[PDB]
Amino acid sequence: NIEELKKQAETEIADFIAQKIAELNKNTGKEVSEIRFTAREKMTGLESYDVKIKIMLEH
């Protein structure tokens, strides 16, 4: 049912984000500090969130 499906999705996305953060920190030798999620909404409804990653360095 629906609460479960919901939670299920919630977890998979968390998982995905985590993995991509890890791979990116790995590939760049730097640290993701933050991600900005901007809703992508269509007339039929919310479609997705557009994503903006902020990465930190030392200067």
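We number the residues from 1 along the sequence you see.
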query	finding
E47 - Cα temperature factor, lowest/middle/highest third of chain	lowest
Third assignment of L5 from its chain's C-alpha B-factors	highest
Ranked against its chain, the third holding the CA B-factor of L57	highest
Relative C-alpha B-factor of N25, binned into the chain's lowest, middle or highest third	lowest
